[PDB]
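*Asks:* the data below comprise the sequence and an experimental structure of the protein.
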Amino acid sequence: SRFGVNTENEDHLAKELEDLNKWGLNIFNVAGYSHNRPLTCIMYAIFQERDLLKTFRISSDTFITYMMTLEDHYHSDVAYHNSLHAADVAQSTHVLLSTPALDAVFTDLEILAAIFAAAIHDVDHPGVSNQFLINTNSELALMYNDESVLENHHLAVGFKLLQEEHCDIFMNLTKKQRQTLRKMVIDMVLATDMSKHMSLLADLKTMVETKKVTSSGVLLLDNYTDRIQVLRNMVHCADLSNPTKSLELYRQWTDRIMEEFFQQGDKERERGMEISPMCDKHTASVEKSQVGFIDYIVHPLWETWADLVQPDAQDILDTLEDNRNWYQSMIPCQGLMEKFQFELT
Ligand SMILES: CC(C)(C)NC(=O)Cc1ccc(Nc2nc(-c3ccccc3)nc3c2S(=O)(=O)CCC3)cc1
Ligand SMILES: [Ca+2]
Ligand SMILES: [Zn+2]
């Protein structure tokens, strides 16, 4: 196929894609059967399922041309922040959009924006933190004044690529649509910057305290401000959903991010940086740092999300608690979480 699917596993892929609308889709199998084109292959599936191609007159050719281009701007050598992660965040956002509490809430344009935002949110990620780029006086850091450095970059590159030959998937939108989508996308990607987590969660907390549903139990959002707030927390949840997938999947994610963190530690050493060495793979405690990560970041976010969508996210929340318990059981320089927390300042 134009996708990279051999006639061999075209049945394998279709069977894996039967769970396109599920939390337990396995995005790794999708990349195996697509020749490492998971982002393009899953985005195509998502757009078909939602009938977004026809709603917005994005021809297949334009969509595939843009997606394929987008996906090549992810770096396959970066262990976690590659096209598989982006594939996963998009597939995950696709599911969160369809939870019954969010049944008919969002316009097609809002759905288009959320999922697009998920696909581009990490494009051209060099595999290092914002703070690394800051401390090295990276051109990117200078360009965005050390503020949401990479998040700004992802947005820049994701829009830039619309301009390549037959890559403008938004060309048949009206001016008004394009301006609304853009503003929403910008707002969701910047919302994936971790130093904004706590302020993000502090507003989601509020939203829940005065939430209303229809007689159908569909959450009620009557002005742009509310919808974009839900949308941006949705994307950030998606971004932080690894620990809520099946233990088998979660551990693969953790393995990947730890490789990327350690690979960052090697660059810090190599380049002789700021005397404050992070722990290496012998000296770190990865398990302890996970439980630290889930208690401090992941669970408080997911618990508040589950509140908003009561009881839609319960199986998610229970799987989170099971996984926290598994990492918990496996527990025996500046540590991972110490380095994480210190660099929020
Ligand atoms: C901590 C440094 C290295 C400075 N990095 C950052 O601030 C950027 C950053 C990038 C990704 C994460 N995302 C993740 N971060 C962690 C983690 C964070 C701090 C201490 C120990 C672990 N674990 C996981 C993830 S994940 O859900 O992606 C995969 C599953 C486990 C957090 C932060
Ligand atoms: Ca990011
Ligand atoms: Zn991400």
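*Replies:* Now that the structure is in, tell me what you want to look at. Numbers count the residues shown, from 1 in each chain. Ligands and ions are numbered 1, 2, ... in the order given.
*Asks:* please count neighbours and contacts with C-alpha atoms only from this point.
*Replies:* OK.
*Asks:* so which residues on the stretch 101-250 of the chain come close to ligand 1?
*Replies:* Within the stretch 101-250 of the chain, the residues that sit near ligand 1 (Cα under 6 Å from any ligand atom) are 129, 240, 242, 243.
*Asks:* which non-adjacent residue is nearest residue 264?
*Replies:* Residue nearest to residue 264 in three dimensions, not counting chain neighbours: residue 128, with 5.9 Å by Cα to Cα, 6 or more residues apart in numbering.
*Asks:* who touches that neighbour in this structure?
*Replies:* Taking Cα atoms under 8 Å, 6 or more residues apart in numbering as the criterion, residue 128 is in contact with 260, 261, 264.
*Asks:* give me the phi and psi for it.
*Replies:* phi -130, psi 150 (degrees, to the nearest 10).
*Asks:* likewise for residue 249?
*Replies:* According to degrees, to the nearest 10, residue 249 has phi -70, psi -50.
*Asks:* neighbours of it, just the number please.
*Replies:* Residue 249 has 17 neighbours, counted by other Cα atoms under 10 Å.
*Asks:* what's it in contact with, if anything?
*Replies:* 26, 242.
*Asks:* what distance do you get for the spatially most central residue of the chain to residue 291?
*Replies:* By Cα atoms, centre = their mean, the mean C-alpha position of the chain lies nearest to residue 239, the distance being 3.1 Å. Using Cα to Cα, to the nearest Å, residue 239 is found at 18 Å from residue 291.
*Asks:* can you check residue 74 too?
*Replies:* Note on residue 74: its distance to residue 291, by Cα to Cα, is 29 Å.
*Asks:* residue 14 too?
*Replies:* 36 Å.
*Asks:* ok, those two, which is more surrounded?
*Replies:* Set residue 14 next to residue 291 and count neighbours by other Cα under 10 Å: residue 291 wins out with 21 against 14.
*Asks:* now for the helix or strand encompassing residue 113, which elements pack on it?
*Replies:* Assessed by DSSP states H and E, residue 113 sits inside helix 108-120. If contacts are counted by 3 or more Cα pairs under 8 Å, 6 or more residues apart in numbering; DSSP states H and E, helix 108-120 sits against helix 83-97, helix 149-160, helix 175-190, helix 224-239.
*Asks:* which of the ones you listed sits most buried?
*Replies:* Ranked by mean neighbour count, the helices and strands packed on helix 108-120 are led by helix 83-97 with a mean of 25 (mean count of other Cα atoms under 10 Å).
*Asks:* what lies in contact with it?
*Replies:* Helix 83-97 is touched from outside by 20-23, 27-28, 31, 37-40, 42-43, 46, 71, 74-76, 103, 111, 114-116, 118-123, 234-235, 238-239, 241, with contacts defined as Cα under 8 Å, 6+ apart.
*Asks:* ok, stretch 337-345 next?
*Replies:* Stretch 337-345 has contacts (Cα under 8 Å, 6+ apart) with 131, 194, 195, 278, 289, 292, 293.
*Asks:* what separates residue 328 from ligand 1, distance-wise?
*Replies:* To ligand 1, residue 328 is 13 Å away according to Cα to the nearest ligand atom, to the nearest Å.
*Asks:* next one: residue 276
*Replies:* Using Cα to the nearest ligand atom, we find residue 276 at a distance of 12 Å from ligand 1.
*Asks:* confirm that that residue sits in a helix.
*Replies:* No - secondary structure of residue 276 (DSSP: H, G, I helix; E, B strand; the rest coil): coil, not part of a helix.
*Asks:* no further queries at this time; thank you.
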